There are 2 protein chains.
Amino acid sequence: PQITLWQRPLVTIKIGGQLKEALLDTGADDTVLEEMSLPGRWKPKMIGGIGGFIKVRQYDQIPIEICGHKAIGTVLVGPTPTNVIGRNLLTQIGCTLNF
Amino acid sequence: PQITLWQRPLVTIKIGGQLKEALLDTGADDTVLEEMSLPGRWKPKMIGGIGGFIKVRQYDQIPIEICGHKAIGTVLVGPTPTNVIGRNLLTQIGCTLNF
Ligand SMILES: COC(=O)N[C@H](C(=O)NN(CC[C@@](O)(Cc1ccccc1)C(=O)N[C@H]1c2ccccc2C[C@H]1O)Cc1ccc(-c2ccccn2)cc1)C(C)(C)C
């Protein structure tokens, strides 16, 4: 689909069998979601944004659906102000910017 | 043009008679650039992202050119870790997400 940007590019994602709302963010390198539970062991990671950095838990090879498009990749979990889908997953669903 | 997301979507912008590199950020509500001088009146604003909030100066009706596409709008100036082009300007150059 083609999503204009007059409003936030919020979409429904499915992870761990649950539906959540997330922001398609071309400015984000990675994908970070609000506190939730995920299987397996996690690794530490520090991600930086506009206001500084936050510590997050890194889970790899996690199945995640974005607007119906299936993806399997790294999902970060921590105190993010909002759920954000970064380029690591945007590339998996074949997303591009066009103008 | 069509910008892939394998790498950060960086483009050249023209503003305040200066040439700078900025990031096309669909996850950004506003456009915020690192410290620079801009003409006209301004007012303080607190914007938040991963990490918390930072204080920036808000300049309105500022002419800007992105990848050859002219537009005008609000430009924020402050201690942002990187130059960001938000939705307020992405819409003007007809930028959309596609997959
Ligand atoms: C390489 O680092 C990243 O890609 N970080 C991601 C990220 O923050 N991306 N962000 C964009 C993030 C976001 O879109 C997330 C958000 C969306 C909605 C609500 C709250 C947060 C954002 O903050 N948006 C705000 C925003 C941003 C600019 C102007 C106005 C506004 C208003 C808000 O909409 C861009 C960015 C890139 C690099 C550095 C950086 C850091 C250190 C060193 C060098 N560079 C700092 C900011 C993330 C997510 C933490 C993985």
Side-chain angles (χ1 to χ4, degrees), chain A residues 3 5-11 13 20-35 43-60 62 64 66 73-92 95 97, chain B residues 3 5-11 13 15 20-36 38 42-60 62 64 66 73-92 95 97:
Chain A
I3 303 172
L5 302 168
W6 303 97
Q7 291 157 41
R8 286 179 187 160
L10 295 170
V11 306
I13 61 167
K20 299 169 183 287
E21 292 304 305
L23 187 74
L24 299 189
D25 203 330
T26 56
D29 281 8
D30 313 302
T31 290
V32 64
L33 300 174
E34 287 155 33
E35 181 53 44
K43 297 289 178 294
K45 183 161 195 179
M46 276 276 276
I47 58 178
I50 298 307
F53 290 68
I54 63 172
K55 189 71 58 66
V56 297
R57 329 277 117 152
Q58 185 183 320
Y59 295 84
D60 298 310
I62 295 295
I64 178 175
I66 303 174
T74 300
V75 173
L76 307 180
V77 182
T80 174
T82 201
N83 289 330
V84 307
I85 303 172
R87 295 188 296 98
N88 73 298
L89 295 183
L90 295 183
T91 46
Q92 283 197 33
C95 189
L97 284 173
Chain B
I3 311 302
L5 298 171
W6 300 115
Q7 292 78 47
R8 304 171 95 179
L10 297 176
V11 297
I13 63 170
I15 179 174
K20 295 174 171 291
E21 186 181 63
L23 180 68
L24 302 180
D25 203 328
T26 62
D29 279 5
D30 318 307
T31 292
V32 62
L33 306 176
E34 294 188 52
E35 282 299 345
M36 72 175 285
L38 287 180
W42 60 272
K43 59 184 175 189
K45 183 184 183 180
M46 283 287 268
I47 60 291
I50 309 299
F53 299 73
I54 54 168
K55 185 189 179 178
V56 297
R57 304 200 302 286
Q58 183 186 318
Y59 296 82
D60 304 309
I62 299 295
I64 206 286
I66 302 169
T74 297
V75 174
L76 304 185
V77 179
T80 175
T82 197
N83 292 328
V84 179
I85 297 173
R87 296 187 295 97
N88 72 306
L89 289 178
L90 296 181
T91 58
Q92 303 301 290
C95 184
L97 278 171

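No hydrogens, no waters, no symmetry mates; every other heavy atom, side chains included, goes into these values. A note on names: the letters A, B, ... follow the listed sequences, proteins ahead of strands, and every chain is numbered from 1. Order of appearance sets the numbers: ligands from 1, and atoms from 1 within every ligand.
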message: Under a 3.5 Å threshold, yes or no: a donor from one side chain and an acceptor from the other, between B:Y59 and B:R57?
response: yes

query: Looking at A:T82, A:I13, A:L76, A:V84, which one forms a side-chain contact (heavy atoms from CB on, under 4.5 Å) with A:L33?
result: A:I13

- request: Applying salt bridge (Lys or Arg N to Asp or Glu O under 4.0 Å), name anything that partners B:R87, two or more places apart in sequence or on another chain.
  value: B:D29

field: A:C95 and its side-chain contact (heavy atoms from CB on, under 4.5 Å) partner, picked from A:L90, A:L89, A:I3
entry: A:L90

Could you go through ligand 1 and list every pair where one of its N or O atoms sits under 3.5 Å from a protein N or O, giving the atom names and the distance to one decimal?
residue, atom, partner, partner atom, Å
ligand 1, 4 (O), A:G27, O, 3.3
ligand 1, 4 (O), A:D29, N, 2.8
ligand 1, 4 (O), A:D29, OD1, 3.4
ligand 1, 5 (N), A:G48, O, 3.1
ligand 1, 9 (N), A:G27, O, 3.3
ligand 1, 14 (O), A:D25, OD2, 2.8
ligand 1, 14 (O), B:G27, O, 2.7
ligand 1, 24 (N), B:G27, O, 3.4
ligand 1, 34 (O), B:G27, O, 3.4
ligand 1, 34 (O), B:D29, N, 3.0

field: Polar side-chain atom of B:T26 near backbone of A:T26 as donor-acceptor pair, under 3.5 Å
entry: yes

statement: Only one of A:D60, A:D30, A:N88, A:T31 passes side-chain hydrogen bond (donor to acceptor under 3.5 Å, both in side chains) with A:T74, and that residue is A:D60

